[PDB]
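Novice: Can you read through this structure? Questions will come right after.
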Amino acid sequence: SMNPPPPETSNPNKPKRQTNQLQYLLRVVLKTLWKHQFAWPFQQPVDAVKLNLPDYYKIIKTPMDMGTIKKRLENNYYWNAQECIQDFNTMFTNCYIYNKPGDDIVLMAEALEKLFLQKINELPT
Ligand SMILES: Cc1cc(NNc2ccc(C(=O)Nc3ccccc3N)cc2)c(N)cc1O
């Protein structure tokens, strides 16, 4: 189809390891963004067929979304917090580079990113 397989969310051979930063990323950062009124366009992978988004996957090489991030955190997929932070950054970058400035989707992304950056500024050491 026009859509790729969704990003992997589990690593069956990675040992389980918790960090307080990963706990914060799930229980504070992801939870806060997930419950925000503007979360809905970002809660699942972009479906370029259903959304009629021409060339989305020609332009966006590394799709990412908060449903994938949520599952990765729940499944202890990330070895470290910085991998998770990178996924959030990629999600926002994809939106800003594909869509036109001032499209509603971009303004929603910016509100979520502002909240994200606020919480990251309090990331535990
Ligand atoms: C990251 C990113 C996302 C998107 N849109 N994502 C969407 C758009 C719409 C919906 C929706 O459910 N609408 C909806 C709202 C109310 C009643 C029923 C329905 N169906 C879900 C996701 C675009 N375009 C560009 C983009 O870069």
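Residue numbers start at 1 in each chain; chains themselves are named A, B, ... in the order of the structure tokens; ligands are numbered from 1 in the order shown.
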Could you list, as an MDAnalysis selection string, all the residues within 7 Å of ligand 1, counting only C-alpha atoms and all ligand atoms?

Specialist: chainID A and resid 40:42 46 51 53 94:95 98:99 105

Novice: May I have the residues from that selection written out with C-alpha atoms, as a PDB file, in the first residue's frame?

Specialist:
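Output contents, as saved in out34.pdb:
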ATOM      1  CA  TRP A  40      -5.532  13.446  18.437  1.00  0.00           C
ATOM      2  CA  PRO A  41      -3.688  13.989  15.093  1.00  0.00           C
ATOM      3  CA  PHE A  42      -0.567  12.535  16.740  1.00  0.00           C
ATOM      4  CA  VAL A  46      -0.135   9.029   9.620  1.00  0.00           C
ATOM      5  CA  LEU A  51      -5.897  11.397   4.994  1.00  0.00           C
ATOM      6  CA  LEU A  53      -1.727  13.147   1.915  1.00  0.00           C
ATOM      7  CA  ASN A  94       7.872  15.668  10.240  1.00  0.00           C
ATOM      8  CA  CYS A  95       4.786  17.799  10.818  1.00  0.00           C
ATOM      9  CA  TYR A  98       5.435  18.415   5.449  1.00  0.00           C
ATOM     10  CA  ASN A  99       2.617  20.837   6.256  1.00  0.00           C
ATOM     11  CA  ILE A 105      -2.072  20.791  12.269  1.00  0.00           C
TER      12      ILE A 105
END

Novice: Between A:1, A:10, A:52, A:112, which has the minimum distance to residue 35 in chain A (counting only C-alpha atoms)?

Specialist: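 Going through A:1, A:10, A:52, A:112 one by one, the smallest distance to residue 35 in chain A is for A:112.
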
Novice: For residue 62 in chain A, which of A:20, A:90, A:74, A:123 is the closest residue, counting only C-alpha atoms?

Specialist: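 The shortest atom-to-atom distance to residue 62 in chain A comes from A:90.
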
Novice: Counting only C-alpha atoms, figure out which residue out of A:120, A:2, A:108, A:115 gets nearest to residue 54 in chain A.

Specialist: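 Ranking A:120, A:2, A:108, A:115 by distance to residue 54 in chain A, first place goes to A:2.
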
Novice: Which neighbours of residue 31 in chain A fall inside 12 Å, counting only C-alpha atoms, when residues of the same chain fewer than 5 positions from it are skipped, and could you give them as number ranges by chain?

Specialist: A: 23-26, 36, 39, 43, 66-67, 69-70, 73-74, 112, 115-116, 119

Novice: Where in chain A does DSSP assign helix (DSSP H, G or I), given as a ChimeraX atom specification?

Specialist: /A:20-34,40-42,56-59,66-74,81-98,104-120

Novice: Hey, what's within 12 Å of range 75-77 of chain A if we count only C-alpha atoms and toss same-chain stuff fewer than 5 positions away? As a PyMOL selection string, please?

Specialist: chain A and resi 7-19+22-23+25-26+68-70+83-84

Novice: Between A:85, A:38, A:125, A:3, which one has atoms that come closest to residue 110 in chain A, using only C-alpha atoms?

Specialist: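 Comparing A:85, A:38, A:125, A:3 against residue 110 in chain A, the winner is A:38.
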
Novice: Grab the CA of residue 4 in chain A to CA of residue 113 in chain A distance for me, in Å with one decimal place.

Specialist: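 Separating CA of residue 4 in chain A from CA of residue 113 in chain A is a distance of 25.2 Å.
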
Novice: So what do you get for CA of residue 5 in chain A versus CA of residue 56 in chain A, distance-wise?

Specialist: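 Pair CA of residue 5 in chain A / CA of residue 56 in chain A returns 14.2 Å.
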
Novice: What gap, in Å, lies between CA of residue 28 in chain A and CA of residue 81 in chain A?

Specialist: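 The value is 12.9 Å.
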
Novice: With only C-alpha atoms as the atoms that count, which of A:59, A:118, A:71, A:82 lies nearest to residue 96 in chain A?

Specialist: A:59
